[PDB]
(Lines of atoms letter the chains of each structure in order from A and count residues from 1; the text may use other names and numbers.)
(Lines give C-alpha, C1' and ligand atoms only; values in the text may rest on other atoms or scores of the structure.)
Protein backbone atom coordinates (compact mmCIF):
# COMPACT_ATOMS: atom_id res chain seq x y z
CA UNK A 1 0.00 0.00 0.00
CA UNK A 2 2.33 2.66 -1.42
CA UNK A 3 -0.94 4.41 -2.26
CA UNK A 4 -0.08 6.24 1.01
CA UNK A 5 3.11 7.58 -0.57
CA UNK A 6 1.08 8.71 -3.59
CA UNK A 7 -1.51 10.32 -1.31
CA UNK A 8 1.25 12.34 0.44
CA UNK A 9 2.75 13.64 -2.86
CA UNK A 10 -0.42 15.06 -4.38
CA UNK A 11 -2.04 18.40 -3.59
CA UNK A 12 -5.45 18.41 -1.93
CA UNK A 13 -8.37 20.58 -3.01
CA UNK A 14 -10.95 20.15 -5.77
CA UNK A 15 -9.30 20.44 -9.20
CA UNK A 16 -12.92 20.64 -10.47
CA UNK A 17 -13.16 24.12 -8.90
CA UNK A 18 -9.57 25.29 -9.51
CA UNK A 19 -10.00 24.58 -13.25
CA UNK A 20 -12.83 25.07 -15.75
CA UNK A 21 -13.68 24.86 -19.47
CA UNK A 22 -12.79 21.15 -19.78
CA UNK A 23 -12.41 19.75 -23.33
CA UNK A 24 -11.19 16.22 -24.20
CA UNK A 25 -8.21 16.59 -26.61
CA UNK A 26 -6.73 13.13 -26.28
CA UNK A 27 -7.09 9.52 -25.34
CA UNK A 28 -4.22 7.12 -24.64
CA UNK A 29 -3.41 3.91 -22.78
CA UNK A 30 -2.21 5.97 -19.80
CA UNK A 31 -5.46 7.94 -19.68
CA UNK A 32 -7.54 10.78 -21.12
CA UNK A 33 -6.17 14.28 -21.63
CA UNK A 34 -8.22 17.43 -21.24
CA UNK A 35 -7.54 21.08 -21.76
CA UNK A 36 -8.85 23.51 -19.18
CA UNK A 37 -8.35 26.96 -17.68
CA UNK A 38 -7.26 27.84 -14.15
CA UNK A 39 -10.38 29.57 -12.81
CA UNK A 40 -8.16 32.07 -10.98
CA UNK A 41 -5.09 32.87 -13.16
CA UNK A 42 -6.61 32.29 -16.62
CA UNK A 43 -3.71 29.95 -17.55
CA UNK A 44 -4.43 27.16 -20.05
CA UNK A 45 -3.52 23.69 -18.81
CA UNK A 46 -3.52 20.11 -19.99
CA UNK A 47 -4.74 17.61 -17.45
CA UNK A 48 -4.00 13.94 -17.80
CA UNK A 49 -6.58 11.86 -15.92
CA UNK A 50 -5.45 8.30 -15.13
CA UNK A 51 -7.56 5.53 -13.61
CA UNK A 52 -5.57 3.97 -10.75
CA UNK A 53 -7.19 0.60 -11.57
CA UNK A 54 -5.82 0.87 -15.13
CA UNK A 55 -2.28 0.85 -13.67
CA UNK A 56 -1.46 -2.34 -11.68
CA UNK A 57 1.87 -1.03 -10.33
CA UNK A 58 1.14 2.31 -8.61
CA UNK A 59 4.90 2.56 -8.04
CA UNK A 60 5.19 3.87 -11.64
CA UNK A 61 2.69 6.66 -11.04
CA UNK A 62 4.79 7.90 -8.09
CA UNK A 63 7.93 7.74 -10.23
CA UNK A 64 6.20 9.69 -12.97
CA UNK A 65 5.27 12.66 -10.74
CA UNK A 66 8.64 12.80 -8.97
CA UNK A 67 10.71 12.70 -12.14
CA UNK A 68 8.61 15.39 -13.72
CA UNK A 69 8.60 17.74 -10.76
CA UNK A 70 12.33 17.16 -10.25
CA UNK A 71 13.48 17.63 -13.85
CA UNK A 72 12.04 20.89 -15.11
CA UNK A 73 13.56 22.10 -18.36
CA UNK A 74 12.66 24.32 -21.38
CA UNK A 75 12.45 21.25 -23.69
CA UNK A 76 10.19 19.30 -21.29
CA UNK A 77 6.49 19.99 -20.79
CA UNK A 78 6.15 21.72 -17.39
CA UNK A 79 4.53 19.79 -14.51
CA UNK A 80 2.22 22.12 -12.52
CA UNK A 81 0.41 19.95 -9.93
CA UNK A 82 -1.33 16.67 -9.19
CA UNK A 83 -4.55 15.61 -7.42
CA UNK A 84 -6.30 12.38 -6.51
CA UNK A 85 -9.95 12.46 -7.63
CA UNK A 86 -11.33 9.29 -6.08
CA UNK A 87 -9.72 6.34 -7.89
CA UNK A 88 -8.46 8.74 -10.61
CA UNK A 89 -5.15 10.63 -10.60
CA UNK A 90 -5.02 14.03 -12.32
CA UNK A 91 -1.71 15.46 -13.49
CA UNK A 92 -1.76 19.10 -14.52
CA UNK A 93 0.75 20.40 -17.00
CA UNK A 94 1.37 23.56 -19.00
CA UNK A 95 -0.70 23.55 -22.19
CA UNK A 96 1.33 23.90 -25.37
CA UNK A 97 -0.83 25.35 -28.12
CA UNK A 98 0.39 23.79 -31.31
CA UNK A 99 0.20 20.14 -32.05
CA UNK A 100 1.69 16.71 -31.82
CA UNK A 101 4.74 15.89 -33.96
CA UNK A 102 2.71 12.81 -35.02
CA UNK A 103 0.25 15.03 -36.88
CA UNK A 104 3.14 16.79 -38.62
CA UNK A 105 4.93 13.56 -39.63
CA UNK A 106 1.78 11.88 -40.90
CA UNK A 107 0.41 14.91 -42.80
CA UNK A 108 3.43 16.91 -44.07
CA UNK A 109 6.81 16.50 -45.71
CA UNK A 110 9.59 17.83 -43.52
CA UNK A 111 12.85 19.13 -45.00
CA UNK A 112 16.22 18.17 -43.52
CA UNK A 113 16.56 21.61 -41.91
CA UNK A 114 13.26 21.17 -40.08
CA UNK A 115 14.11 17.63 -39.10
CA UNK A 116 17.53 18.74 -37.76
CA UNK A 117 15.80 21.49 -35.74
CA UNK A 118 13.45 18.98 -34.11
CA UNK A 119 16.26 16.48 -33.47
CA UNK A 120 18.45 19.13 -31.82
CA UNK A 121 15.71 20.16 -29.38
CA UNK A 122 14.92 16.55 -28.47
CA UNK A 123 18.61 15.79 -28.02
CA UNK A 124 18.77 18.79 -25.62
CA UNK A 125 15.94 17.27 -23.52
CA UNK A 126 17.67 13.87 -23.57
CA UNK A 127 21.08 15.33 -22.65
CA UNK A 128 19.49 17.00 -19.65
CA UNK A 129 17.55 13.87 -18.53
CA UNK A 130 20.47 11.49 -19.00
CA UNK A 131 22.77 13.84 -17.05
CA UNK A 132 20.12 13.64 -14.31
CA UNK A 133 20.16 9.79 -14.43
CA UNK A 134 16.72 9.48 -16.03
CA UNK A 135 15.97 7.25 -19.03
CA UNK A 136 12.73 8.18 -20.78
CA UNK A 137 12.21 4.84 -22.52
CA UNK A 138 9.22 6.00 -24.60
CA UNK A 139 10.62 8.46 -27.16
CA UNK A 140 8.36 8.76 -30.22
CA UNK A 141 6.61 11.52 -32.25
CA UNK A 142 3.50 11.07 -30.11
CA UNK A 143 5.36 12.42 -27.06
CA UNK A 144 6.76 15.50 -28.84
CA UNK A 145 4.72 18.68 -28.60
CA UNK A 146 5.21 21.73 -30.80
CA UNK A 147 4.52 25.30 -29.66
CA UNK A 148 2.91 27.97 -31.85
CA UNK A 149 6.38 29.60 -31.69
CA UNK A 150 7.93 26.33 -32.88
CA UNK A 151 8.94 25.40 -29.31
CA UNK A 152 9.63 21.67 -29.16
CA UNK A 153 8.91 19.82 -25.92
CA UNK A 154 9.09 16.24 -24.67
CA UNK A 155 6.34 14.75 -22.51
CA UNK A 156 5.16 11.47 -20.91
CA UNK A 157 7.22 10.19 -17.95
CA UNK A 158 4.90 7.23 -17.45
CA UNK A 159 7.59 4.71 -18.44
CA UNK A 160 10.81 6.42 -17.40
CA UNK A 161 13.52 4.92 -15.17
CA UNK A 162 15.91 6.48 -12.67
CA UNK A 163 19.36 4.95 -12.66
CA UNK A 164 22.24 5.26 -10.19
CA UNK A 165 26.01 4.53 -10.27
CA UNK A 166 25.11 1.47 -8.16
CA UNK A 167 22.49 0.33 -10.69
CA UNK A 168 23.45 1.86 -14.03
CA UNK A 169 21.27 -0.44 -16.14
CA UNK A 170 17.66 -1.55 -16.37
CA UNK A 171 16.16 -4.80 -17.58
CA UNK A 172 12.38 -4.14 -17.94
CA UNK A 173 10.91 -4.65 -21.44
CA UNK A 174 9.25 -1.24 -21.53
CA UNK A 175 8.31 1.09 -24.39
CA UNK A 176 6.32 1.09 -27.63
CA UNK A 177 7.41 -1.84 -29.83
CA UNK A 178 8.21 -0.03 -33.10
CA UNK A 179 10.49 2.47 -31.26
CA UNK A 180 12.25 0.02 -28.94
CA UNK A 181 15.99 -0.53 -29.13
CA UNK A 182 17.22 -4.11 -29.84
CA UNK A 183 18.86 -4.47 -26.41
CA UNK A 184 15.44 -3.79 -24.87
CA UNK A 185 13.56 -6.16 -27.20
CA UNK A 186 16.06 -8.96 -26.49
CA UNK A 187 16.13 -8.47 -22.71
CA UNK A 188 19.74 -7.34 -22.34
CA UNK A 189 20.78 -4.88 -19.64
CA UNK A 190 20.42 -1.37 -21.08
CA UNK A 191 21.21 2.25 -20.42
CA UNK A 192 20.30 5.78 -21.55
CA UNK A 193 21.26 5.05 -25.16
CA UNK A 194 17.94 3.28 -25.68
CA UNK A 195 16.53 6.82 -25.96
CA UNK A 196 18.99 7.64 -28.73
CA UNK A 197 17.81 4.63 -30.68
CA UNK A 198 14.19 5.70 -30.25
CA UNK A 199 15.17 9.16 -31.43
CA UNK A 200 16.64 7.56 -34.55
CA UNK A 201 13.31 5.83 -35.10
CA UNK A 202 11.52 9.17 -34.66
CA UNK A 203 13.86 10.60 -37.35
CA UNK A 204 12.66 7.84 -39.68
CA UNK A 205 9.07 8.91 -38.86
CA UNK A 206 9.97 12.43 -39.95
CA UNK A 207 11.48 11.09 -43.22
CA UNK A 208 8.94 8.38 -44.14
CA UNK A 209 5.81 9.15 -42.05
CA UNK A 210 6.01 5.94 -39.99
CA UNK A 211 8.51 3.96 -37.85
CA UNK A 212 9.78 0.74 -39.58
CA UNK A 213 7.34 -2.22 -39.63
CA UNK A 214 4.23 -0.22 -38.65
CA UNK A 215 2.09 -2.17 -41.13
CA UNK A 216 2.97 -5.27 -39.07
CA UNK A 217 1.43 -6.30 -35.74
CA UNK A 218 3.41 -5.33 -32.57
CA UNK A 219 4.73 -8.84 -31.83
CA UNK A 220 5.92 -9.25 -35.40
CA UNK A 221 7.65 -5.85 -35.17
CA UNK A 222 9.47 -7.04 -32.03
CA UNK A 223 10.65 -10.12 -33.95
CA UNK A 224 11.80 -7.94 -36.87
CA UNK A 225 13.72 -5.60 -34.56
CA UNK A 226 15.39 -8.57 -32.85
CA UNK A 227 16.39 -10.13 -36.19
CA UNK A 228 17.20 -7.14 -38.47
CA UNK A 229 18.92 -4.78 -36.04
CA UNK A 230 19.51 -1.40 -37.78
CA UNK A 231 16.37 -0.81 -39.89
CA UNK A 232 16.72 0.14 -43.54
CA UNK A 233 15.04 3.13 -45.14
CA UNK A 234 12.68 2.76 -48.10
CA UNK A 235 14.74 5.22 -50.19
CA UNK A 236 18.07 6.05 -48.51
CA UNK A 237 19.31 7.74 -51.69
CA UNK A 238 16.92 10.62 -50.94
CA UNK A 239 18.98 11.73 -47.89
CA UNK A 240 22.11 13.84 -47.55
CA UNK A 241 25.26 11.95 -46.56
CA UNK A 242 25.46 13.82 -43.23
CA UNK A 243 21.84 12.96 -42.36
CA UNK A 244 22.45 9.31 -43.26
CA UNK A 245 25.52 9.52 -41.01
CA UNK A 246 23.50 10.96 -38.12
CA UNK A 247 20.93 8.22 -38.51
CA UNK A 248 23.65 5.58 -38.56
CA UNK A 249 25.05 6.95 -35.27
CA UNK A 250 21.60 6.96 -33.57
CA UNK A 251 20.81 3.46 -34.88
CA UNK A 252 24.07 1.61 -34.17
CA UNK A 253 23.67 -1.95 -32.89
CA UNK A 254 26.85 -1.65 -30.84
CA UNK A 255 25.67 0.22 -27.75
CA UNK A 256 29.17 1.52 -26.95
CA UNK A 257 29.47 2.87 -30.54
CA UNK A 258 25.98 4.45 -30.52
CA UNK A 259 26.11 8.21 -29.98
CA UNK A 260 25.34 9.67 -26.57
CA UNK A 261 23.02 12.68 -26.59
CA UNK A 262 26.01 14.89 -25.75
CA UNK A 263 28.06 13.51 -28.67
CA UNK A 264 25.14 13.83 -31.09
CA UNK A 265 24.49 17.49 -30.24
CA UNK A 266 27.83 18.21 -31.99
CA UNK A 267 26.97 16.25 -35.11
CA UNK A 268 27.25 18.10 -38.45
CA UNK A 269 23.65 17.25 -39.35
CA UNK A 270 22.40 19.61 -36.61
CA UNK A 271 24.37 22.53 -38.11
CA UNK A 272 21.88 22.69 -41.00
CA UNK A 273 19.02 23.18 -38.54
CA UNK A 274 16.51 25.78 -39.57
CA UNK A 275 15.28 28.26 -36.92
CA UNK A 276 12.34 26.96 -34.91
CA UNK A 277 10.03 29.46 -36.59
CA UNK A 278 10.47 27.14 -39.62
CA UNK A 279 8.20 24.61 -37.91
CA UNK A 280 5.13 26.83 -37.60
CA UNK A 281 4.09 26.28 -41.27
CA UNK A 282 4.15 22.50 -40.58
CA UNK A 283 1.86 23.03 -37.61
CA UNK A 284 -0.53 25.07 -39.76
CA UNK A 285 -0.47 22.38 -42.45
CA UNK A 286 -1.17 19.62 -39.89
CA UNK A 287 -4.08 21.51 -38.31
CA UNK A 288 -5.57 22.00 -41.79
CA UNK A 289 -5.03 18.33 -42.70
CA UNK A 290 -6.75 17.02 -39.53
CA UNK A 291 -9.58 19.63 -39.56
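Numbering follows the first chain given and starts at 1.
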Comparing 127 to 135 with 194 to 202, the one whose average Cα B-factor in the PDB entry is higher: 127 to 135
Average Cα temperature factor in the PDB entry - higher stretch of 206 to 214, 91 to 99: 91 to 99
Within-chain third of residue 62 by Cα B-factor, per the entry: middle
Residue 149 - Cα temperature factor, lowest/middle/highest third of chain: highest
Chain third (lowest, middle, highest) by recorded CA B-factor, residue given as residue 175: lowest
Third of the chain, ranked by Cα B-factor, where residue 169 sits: highest
Modelled-residue ranking by C-alpha temperature factor, third containing residue 141: lowest
